[PDB]
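So you know, we letter chains A, B, ... as the sequences are listed, proteins then strands, and number each from 1.
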Protein chains: 4
Amino acid sequence: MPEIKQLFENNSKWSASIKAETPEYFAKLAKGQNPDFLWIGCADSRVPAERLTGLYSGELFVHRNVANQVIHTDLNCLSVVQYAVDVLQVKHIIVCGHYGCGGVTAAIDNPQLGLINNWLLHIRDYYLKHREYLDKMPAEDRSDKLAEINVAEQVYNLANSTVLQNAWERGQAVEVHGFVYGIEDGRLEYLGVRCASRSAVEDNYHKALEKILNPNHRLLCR
Amino acid sequence: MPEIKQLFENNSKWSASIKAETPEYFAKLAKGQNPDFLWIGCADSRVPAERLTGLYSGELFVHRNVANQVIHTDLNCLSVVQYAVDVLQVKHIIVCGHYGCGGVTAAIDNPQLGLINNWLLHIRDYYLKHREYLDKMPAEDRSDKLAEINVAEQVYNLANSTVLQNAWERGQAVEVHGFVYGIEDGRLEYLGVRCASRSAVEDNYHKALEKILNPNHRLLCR
Amino acid sequence: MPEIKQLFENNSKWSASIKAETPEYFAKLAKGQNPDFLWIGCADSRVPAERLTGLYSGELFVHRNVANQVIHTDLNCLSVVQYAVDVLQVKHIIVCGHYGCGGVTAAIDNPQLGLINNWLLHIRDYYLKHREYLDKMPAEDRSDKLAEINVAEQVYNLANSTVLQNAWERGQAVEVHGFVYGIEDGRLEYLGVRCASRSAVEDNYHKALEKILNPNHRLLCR
Amino acid sequence: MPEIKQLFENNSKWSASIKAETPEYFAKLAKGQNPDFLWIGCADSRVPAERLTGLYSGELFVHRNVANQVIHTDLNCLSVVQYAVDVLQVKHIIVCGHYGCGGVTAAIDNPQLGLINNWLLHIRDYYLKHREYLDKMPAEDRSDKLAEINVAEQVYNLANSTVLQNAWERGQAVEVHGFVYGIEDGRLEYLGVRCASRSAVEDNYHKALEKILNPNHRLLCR
Ligand SMILES: [Zn+2]
Ligand SMILES: [Zn+2]
Ligand SMILES: [Zn+2]
Ligand SMILES: [Zn+2]
């Protein structure tokens, strides 16, 4: 197709200019160097993670999937984390959610989308859990709200995995973070508190949901 | 942590900048136009997909796992595939691997790493499959060849999932591609041919493997 | 190895006997006629499904896992469901839990058991949902009780899967069940009501838990 | 429903008979006797493992799935295997396939069976692998030979898993076995040699495929 032509045109034009102006980017990239972070994000990738963070030299290890899940028994994501932590010694894992998320809106409104429906039932579980709180917000905001709550519930799932409990138990330098951003200004919010140990997991969980499930039904980013 | 603090600073520096400078970017985000391409890429993410393609405008729906696999029965990938095609109506799927892939190395070398070993045994299957051709080149170049063979096998698997089969059986326009690059130039190389139907799958498969498993045992991208 | 030699001798003696005695047992099985029930039970298999149902001539198509789960994204269990319904068009799917379940006990007390822990965090979700009722419950009966809720929760998961919804939509004949039992009498107990379409899914779920989370705080099978 | 009514009555009569007859059955199960064998068999359950082996007294720990898989990254089977070895401490894990397997034939037949085709794509990779030997075989006997071949393959996967590899490494005596049987007789047959450590793994794999891929293209169970 001509668009596939166009993509290789863009690559060719890019490769040429970077190898000319900043060859150092490529030669240091071709080194083995460990990334420093693990970024669990949505497949939507609305603002790419490098853009949001300013990390332009292969420093993120990245996992993506729909609505940025750390499902208890998804071996794909679980393997990402274990390879990240145990092998590449990342000392930071980041679950990032975002507003205007296709999956999160499906988890609430329950549309017939095919096979993807099953995956979103995990997020629907959390919808159902927090449904009294949700049903008090303008219907235009309820999805974005559950995207915040979705992040927090996934940081808790990641913290409770065997991959994190072992790493913590052996005394390894790992900590976990929830972020969210909105589509107005693409600026990250930090949800909850530092979580660098097993003992601080339950507190983060609470604090993040204390922050999110605020008494005044206000979204954090808009 | 100061390193995390740097990310939030970077993020504010960046955000408020794009506002002053090109505030329509976020205005452009709002509309929420469907992505045209599903990119299935490595968690390594050496050079990010946006950079390699020039797609900085939301054209990309993105999934990543260790060693960019389409494992037959991975409901993580399969779902992103199903959603991007059936729902978002993407008309292209790209499996992109890259040279210098650690997951691929470990699959050849078979060292003990913990959990990740199970995930990689899938690529170790492709190692054992093509090992006669592989062992015939210098040991330093074997994992880059399996990074290529990997792309060709994972693409054939994508073509063979019920998701792609069912899309093509109903006449929806969707196609699939294997890309690969070396880290020294970040230049894309296409694997095989055009696959816009179930008819094309066996054809794309053997011709990619023709270019890859070439008479001269040459690496495509360095 | 003695105990392994032992199984070839039990088998050997068994085969010949029912071969001589009911050759019609086998020539019927030979005709791989469609099974009539799919049975999803625990790996524990405390009493066999054949003995609980008295059905000994291939009638049950059978899936087993630790604590008899229907996990939204479990493609092992979904694929058995789907093949049994779409290909073997079974009419009854049954989820059978049991008192004194190792996996269930671990999902309450939270021992550090290895990879299996990731699996039971799904069971731990349900514990945490009804932790108020379970704490008021006597400590020594906590496990068997949650095993009851667990049936009802998995049954709900079953009906909600893309498999049960599609067939119930296209009006295929099929229904779902929650059975539980104790190991003092092996007497199948019913958890729920009839559910042969999408319409009654909600009542079934709502009646099982009311019977399970009974004010009497009593077990239903001892 | 009439047939459902029947199972509860079958259940009741059975419970009646055993208690008022041989109450030592319940007395013994009510205690904590850990099973010694993991049987990984097929959902078809053409002849129950309990009958096949003569182990009617809780000795068996059972997983089943379609065409009895040990998929590298199936966390269902892997969660049952890890629990069985690490927590219940079984000394024998058995993979048992069978002649006349609906999953295995449909791997070759490649019909449009739904979700199951993805789970079945694993089987078919052995059909493609071994097809040359298989096509020298009669067009009736290919599926039964592949059935044998798959046991040989899934057994390989099992031995290769981190779970069996970390068990063998820490000084545990656990061993693996591959059985098949035909339906004429339910007569079990061994495929390979004793695999009770890591070094033994490749030989057993090779011996089974030697005994299975024999030069006279003959079946083993009829
Ligand atoms: Zn999203
Ligand atoms: Zn890689
Ligand atoms: Zn159990
Ligand atoms: Zn079978």
Looking at [X] and [Y], what are the two nearest heavy atoms and their distance?
X	Y	value
B:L191	B:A152	CD1-N, 4.2 Å
A:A106	A:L113	CB-CD1, 3.7 Å
B:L38	B:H63	CD1-N, 4.0 Å
A:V66	A:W119	O-NE1, 2.9 Å
D:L121	B:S161	CD1-N, 4.1 Å
D:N76	C:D74	ND2-OD2, 3.0 Å

Tell me whether [X] at atom [atom1] has more than 12 heavy atoms from other residues, nucleotides or ligands lying less than 6.0 Å away.
X	atom1	result
B:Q165	CD	yes
B:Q33	CD	no
B:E21	CD	no

*So, do D:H72 and D:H122 have ring centers that fall under 6.0 Å from each other?*
no

*Do A:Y25 and A:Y56 have ring centroids that are under 6.0 Å from one another?*
no

Nearest 0.5 Å, please: how far is [atom2] in [Y] from [atom1] in [X]?
X	Y	atom1	atom2	value
A:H98	A:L52	NE2	CG	11.0 Å
B:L29	B:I18	CG	CD1	11.0 Å
B:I94	B:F37	CD1	CZ	6.0 Å
A:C221	A:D144	SG	CG	9.0 Å
B:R46	A:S57	CZ	OG	9.5 Å
B:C42	B:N68	SG	CG	5.0 Å

So do [Y] and [X] actually touch side chain to side chain, heavy atoms under 4.5 Å?
X	Y	result
B:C77	B:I40	yes
C:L158	C:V81	yes
B:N204	B:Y156	no
A:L75	B:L115	yes
B:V174	B:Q89	no
B:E24	B:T22	yes

Pair [X] + [Y]: basic N to acidic O under 4.0 Å:
X	Y	value
B:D36	B:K91	no
B:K129	B:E153	yes
D:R124	D:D109	no
A:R187	A:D185	yes
B:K211	B:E189	yes

*In this structure, which one of A:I149, A:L120, A:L146 forms a side chain to side chain contact (heavy atoms under 4.5 Å, CB included) with A:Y127?*
A:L146

_Apply side-chain contact (heavy atoms from CB on, under 4.5 Å) to residues B:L164 and B:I93 and explain how you reach the verdict._
CA-CA 10 Å; B:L164 265 288; B:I93 298 171; 3.7 Å; yes

*Give the intermediate values and the outcome of side-chain contact (heavy atoms from CB on, under 4.5 Å) for residues B:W168 and B:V201.*
CA-CA 11 Å; B:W168 285 322; B:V201 182; 3.7 Å; yes

Counting only N and O atoms by type, is there a donor-acceptor contact under 3.5 Å from the side chain of [X] to the main-chain atoms of [Y]?
X	Y	result
A:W39	A:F61	no
B:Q172	B:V85	yes
B:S15	B:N11	no
A:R142	A:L134	yes
A:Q82	A:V163	no
B:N118	D:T73	no
B:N166	B:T162	yes
B:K19	B:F26	no
B:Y190	B:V193	yes
B:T53	B:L55	yes

*Kindly indicate, with the supporting measurements, whether the criterion side-chain contact (heavy atoms from CB on, under 4.5 Å) is fulfilled by B:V180 and B:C96.*
CA-CA 6 Å; B:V180 70; B:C96 200; 5.9 Å; no

*In sequence, state the C-alpha distance, the side-chain angles, and the governing distance for A:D44 and A:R64, and then conclude on salt bridge (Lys or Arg N to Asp or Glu O under 4.0 Å).*
CA-CA 9 Å; A:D44 276 331; A:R64 290 184 191 290; over 6 Å; no

*For A:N65 and A:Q69, does a side-chain donor sit closer than 3.5 Å to a side-chain acceptor?*
no

*Examine the side chains of A:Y99 and A:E148 and answer whether a donor and an acceptor come within less than 3.5 Å of each other.*
yes

*asked:* What verdict does the side chain to side chain donor-acceptor pair (under 3.5 Å) test give for B:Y126 and B:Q154, after you've listed the backbone C-alpha separation in whole Å, the side-chain angles of each residue and the deciding distance to 0.1 Å?
replied: CA-CA 10 Å; B:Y126 294 131; B:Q154 298 311 351; 4.9 Å; no

*Checking ring pair (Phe, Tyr, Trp, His ring centres under 6.0 Å) for the pair A:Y181/B:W14: CA distance, chi angles, key distance, verdict?*
CA-CA 13 Å; A:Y181 65 96; B:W14 169 82; 8.6 Å; no

*Please lay out, stage by stage, how B:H177 and A:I4 fare under the test side-chain contact (heavy atoms from CB on, under 4.5 Å).*
CA-CA 9 Å; B:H177 316 271; A:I4 294 287; 3.4 Å; yes

